[PDB]
Amino acid sequence: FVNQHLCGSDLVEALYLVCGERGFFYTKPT
Amino acid sequence: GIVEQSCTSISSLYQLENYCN
């Protein structure tokens, strides 16, 4: 919950910490 | 919507709880 500008591999890895549902899939640019 | 500005991932992953499978 610190720093910002993450969405790339941070919303992803950080997702392993938020969702942690045996996997995840977010939308990435390019 | 979500993202496209600060890449967020900070005060909105409670929303990210619906990105997992």
# chains A, B, ... in the order shown; residues from 1 in each chain; ligands from 1
call {"tool": "interface_residues", "arguments": {"of": "chain A", "to": "chain B", "cutoff": "6 Å", "atoms": "only C-alpha atoms", "output": "ChimeraX atom specification"}}
result
/A:1,4-7,11,18-19,21,23-26
call {"tool": "select_by_dssp", "arguments": {"residues": "chain A", "states": "alpha helix (DSSP H)", "output": "list in words"}}
result
residues 9, 10, 11, 12, 13, 14, 15, 16, 17 and 18 of chain A
